[PDB]
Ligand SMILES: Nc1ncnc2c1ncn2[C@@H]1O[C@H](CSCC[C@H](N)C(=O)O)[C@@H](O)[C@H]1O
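This document opens with one chain alone, in structure tokens, the form deposited without this ligand.
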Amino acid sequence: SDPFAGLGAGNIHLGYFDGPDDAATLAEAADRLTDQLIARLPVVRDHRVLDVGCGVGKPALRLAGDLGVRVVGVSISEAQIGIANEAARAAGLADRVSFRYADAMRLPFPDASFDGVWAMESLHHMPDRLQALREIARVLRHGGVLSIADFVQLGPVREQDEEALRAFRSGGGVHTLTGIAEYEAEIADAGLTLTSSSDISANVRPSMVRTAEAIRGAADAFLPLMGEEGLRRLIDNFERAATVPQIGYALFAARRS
């Protein structure tokens, strides 16, 4: 779906495991990665946070319920916006958390209008990621903070895996995929001051095969929301990722001075 590839009701984010002994459920691992990104966003109650690439809205709701922040989440997917808003209503947080349309490259907010920005597994969807980071720096007030989770490429791919990589990128809407150095360089070029940088590939990659397995076991019930091809591409996305070891994962924190 080019710009909409990887977005929709099936936009599922990965999880965090601590070794091969973990034995945490997929939902527990998913909450743990969210909690890892929350730890990198030093906001407090009544701060205002912009959630770029809100997915289905669950991380924004966990952030709001944990830290007491107000959240506006954005996406180009009307399905994601609708799902997220209904989730906020169900969670009794509609007065603190809302979702609306926006292209992250042209954020419809004034300058210095947010205390924080949250971008979990979202910035890879932007064809011009630097422009998105510049818009983030614009809407952050001075002293505003940013917390990013995203895929990174740890190095070149062995030729036998090269087309699995392109499948993963095409199917998942990974329009921007770089190494850590380029990511850190873009953050600085956008006017943001990097405050932390964590390579958590070893903790996150195990969640890829397990997420594929969970979707396989749910075939019967997913097919209403997504066609047989939608569910196939969904399962393929995560199984592709599990086969290419160079598809890593990193958390970044930054501050606008």
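Only residues modelled in both forms are compared. Throughout, we count residues from 1 along the sequence that is shown. Take the two forms, find the largest set of C-alpha atoms that superpose within 1.5 Å, and that set is the rigid core.
So which stretch wins on mean C-alpha B-factor, 226 to 234 or 35 to 43?
The recorded data point to 226 to 234.
Mean C-alpha B factor from the entry: is it higher for 87 to 95 or for 157 to 165?
157 to 165 has the higher mean C-alpha B-factor.
In terms of CA temperature factor as recorded, identify the highest of 75, 176, 113, 147.
Of the options given, 176 has the highest CA B-factor in the PDB entry.
Determine, from the deposited record, the chain-internal third of the Cα B-factor for residue 51: lowest, middle or highest.
As the PDB entry reports it, the C-alpha B-factor of residue 51 lands in the lowest third of its chain.
If you rank the chain by CA B-factor, which third does residue 191 end up in: lowest, middle or highest?
Its C-alpha B-factor belongs to the middle third of this chain's values.
Going by what the PDB entry lists, where does residue 61 fall on CA B-factor within its chain: lowest, middle or highest third?
According to the entry, residue 61 has a C-alpha B-factor in the chain's lowest third.
Considering only modelled residues of the same chain, in which third does the CA B-factor of residue 17 rank: lowest, middle or highest?
Residue 17: CA B-factor falls in the highest third of its chain.
Test of reading the entry: by CA B factor among the chain's modelled residues, which third contains residue 29?
Middle third - that is where residue 29 ends up once the chain's C-alpha B-factors are sorted.
FYI, the form deposited with this ligand bound isn't displayed, but the following is about it.
Should residue 103 be counted as a contact of this ligand in the deposited bound form, where contact means heavy atoms within 4.5 Å?
Yes, residue 103 lies within 4.5 Å of this ligand in the deposited bound form.
Wondering, does residue 157 line up within 4.5 Å of this ligand in the deposited bound form on heavy atoms?
Heavy-atom contact with this ligand at 4.5 Å: absent for residue 157.
If we define contact as a non-hydrogen atom of the residue within 4.5 angstroms of the partner, is residue 120 a contact of this ligand in the deposited bound form?
Answer yes; at least one heavy atom of residue 120 falls within 4.5 Å of this ligand in the deposited bound form.
If we define contact as a non-hydrogen atom of the residue within 4.5 angstroms of the partner, is residue 112 a contact of this ligand in the deposited bound form?
Contact check for residue 112: no, nothing within 4.5 Å of this ligand in the deposited bound form.
Is every one of 55, 74 and 125 within 4.5 Å of this ligand in the deposited bound form, counting heavy atoms?
Yes: each residue has a heavy atom within 4.5 Å of the partner.
Where does this ligand sit in the deposited bound form: which of 82 to 90, 95 to 103, 138 to 146, 183 to 191, heavy atoms within 4.5 Å?
After filtering at 4.5 Å, what remains is 95 to 103.
Tell me, with the core superposed, which single residue in 70, 62, 232, 205 has its C-alpha moved by at least 2 Å between the shown form and the other one.
Looking at each option in turn, only one qualifies, and it is 232.
Quick one: once the rigid core is lined up, does residue 7 have its C-alpha move by 2 Å or more between the shown form and the other one?
After core superposition, the C-alpha of residue 7 moves 2 Å or more between the shown form and the other one.
Did residue 44 shift 2 Å or more between the shown form and the other one, C-alpha, core superposed
No, shifts by less than 2 Å.
Did residue 119 and residue 237 drift closer or farther in the deposited bound form, going by a CA distance change of 3 angstroms or more?
Farther, not closer.
Are residue 10 and residue 67 closer or farther apart at the Cα level in the deposited bound form than shown, by 3 Å or more?
Between the C-alphas of residue 67 and residue 10, the gap narrows in the deposited bound form (3 Å or more compared with this form).
What runs of three or more residues stand out between the shown form and the other one, with each Cα shifted 2 Å or more once the rigid core is matched?
Core-superposed, displaced stretches are 1 to 12, 19 to 22, 221 to 241.
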